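*Asks:* Questions regarding the structure given below will be posed in turn.
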Amino acid sequence: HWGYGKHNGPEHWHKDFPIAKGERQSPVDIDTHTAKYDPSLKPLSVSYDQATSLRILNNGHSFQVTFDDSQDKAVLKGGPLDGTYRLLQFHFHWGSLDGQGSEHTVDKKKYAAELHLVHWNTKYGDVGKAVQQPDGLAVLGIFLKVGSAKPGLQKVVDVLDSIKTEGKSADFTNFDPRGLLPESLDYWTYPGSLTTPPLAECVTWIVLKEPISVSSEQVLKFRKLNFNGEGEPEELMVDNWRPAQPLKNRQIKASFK
Ligand SMILES: [Zn+2]
């Protein structure tokens, strides 16, 4: 399959997924002097108090925490969105060194990692239908910088030993994703795509201005996960990020001055 190596990485993906060269691919560089302040953008509404996490799993390209999305329990509304989007999963992208790892960049600056909270539009009934629609998904992107530890991340860090290799999963209940959010919800937004295959152009991106800080010890434990399955030669799971794609005929909007 596809991956992040020399022989199967992002520069190869277009051969199996020709939309890789499409008109609204992600991630992009956010040029802060070209982003347009839009006063008609409304504040984000993040309602996660009733979130029910289920499992954590190594899927061979990242690790994901999955949630119960059978009811409106953890939802994202407002901002640039119409209607209600349910939280499905979150996952990360990170680097081998602290100056790389994020997918979006800000004035070409890379962060050490990027957190994606993936939500789908309830009017389409299930997430599979939503991926077929230009407004089907909303992904909330949060940058990680290395500094002080993030206490709300430690429960994720401490379970990573149990999902070291591809295909492993573990029970991961009662995790509160509100502990991963920055203080401010100011954001940029633009229409884009999934950043992994199938690279579907179905995503409203909401990228928060304020990074969260995590400690060197916390990010170091991300870098000990494996791309390989158990009993295979060890390949560290690092640099699972797609490089920035051409902005083409799109405008990035900012919620703030
Ligand atoms: Zn992602």
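*Asks:* Work out the length of the dipole vector of the chain about its Cα centre, built from +1 on the beta-carbon of each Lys and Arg and -1 on the beta-carbon of each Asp and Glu, and round it to the nearest 20 debye.
*Replies:* 600
*Asks:* If you don't mind, there's one more thing I want to ask. What distance in nm separates the two pseudo spin-label positions at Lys109 and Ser169, each 7 Å out from Cα along the beta-carbon direction?
*Replies:* 3.8
*Asks:* Okay, next question. Need the list of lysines near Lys42 for cross-linking: C-alpha distance under 20 angstrom, and skip anything on the same chain fewer than eight residues off.
*Replies:* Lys77, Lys209, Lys253, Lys257
*Asks:* Can you give the local net charge around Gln132? Use residues other than it whose beta-carbon is closer than 12 angstrom to its beta-carbon, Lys and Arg +1, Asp and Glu -1.
*Replies:* In short, -2.
*Asks:* Still on this structure, please answer the following. Can you pull the one-decimal nm distance between simple spin-label points at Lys129 and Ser215, each 7 Å off the Cα toward Cβ?
*Replies:* If labels sit at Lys129 and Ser215, their model points lie 4.7 nm apart.
*Asks:* Hey, with R₀ at 45 Å, roughly what FRET efficiency would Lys36 and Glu232 work out to, going by the Cβ-Cβ distance, to 0.05?
*Replies:* 0.40
*Asks:* Toward the positive end of the charge dipole of the chain, about the Cα centre and with charges on Cβ (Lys, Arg +1; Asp, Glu -1), which of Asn249, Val131, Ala112 goes farthest?
*Replies:* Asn249
*Asks:* Let me ask something additional. Given the rule -39500 (n - 2.57) for each run of at least 4 DSSP H residues, summed and divided by the residues of the chain, what is its mean residue ellipticity at 222 nm, to the nearest 500 deg cm²/dmol?
*Replies:* Computed mean residue ellipticity for the chain: -1500 deg cm²/dmol.
*Asks:* Using amide H atoms built 1.01 Å from N in the peptide plane, name the residues 5+ places from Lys168, or on other chains, whose amide H lies under 5 Å from its own.
*Replies:* Amide H neighbours of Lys168, under 5 Å, 5+ apart: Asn58.
*Asks:* Hey, can you grab everything whose amide H is under 5 Å from the amide H of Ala74? Only 5+ residues off in sequence or another chain; H modelled, so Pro and N-termini drop out.
*Replies:* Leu87
*Asks:* Non-local amide H neighbours of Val106 (under 5 Å, H modeled in plane, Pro and chain starts lacking H): which ones?
*Replies:* Amide H neighbours of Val106: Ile30.
*Asks:* Sticking with this structure for a sec: Straight-line reach only, C-alpha to C-alpha below 26 angstrom: list the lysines that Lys6 could link to, leaving out same-chain residues fewer than 8 apart.
*Replies:* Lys15, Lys21, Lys108, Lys109, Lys110, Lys164, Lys168, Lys221, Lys224
*Asks:* In nm, to one decimal, how far is the modelled label at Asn8 from the one at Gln154, with both set 7 Å along Cα→Cβ?
*Replies:* 3.7
*Asks:* I've got another one for you. May I ask you to derive the relative contact order of the chain, considering only C-alpha pairs under 8 Å and at least 6 residues apart, and to give it as an integer percent?
*Replies:* Relative contact order here is 27 percent.
Cβ coordinates were reconstructed from backbone atoms using ideal geometry, including for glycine residues, and neighbour counts include every protein chain displayed. Coordinate-derived values only; no laboratory data.
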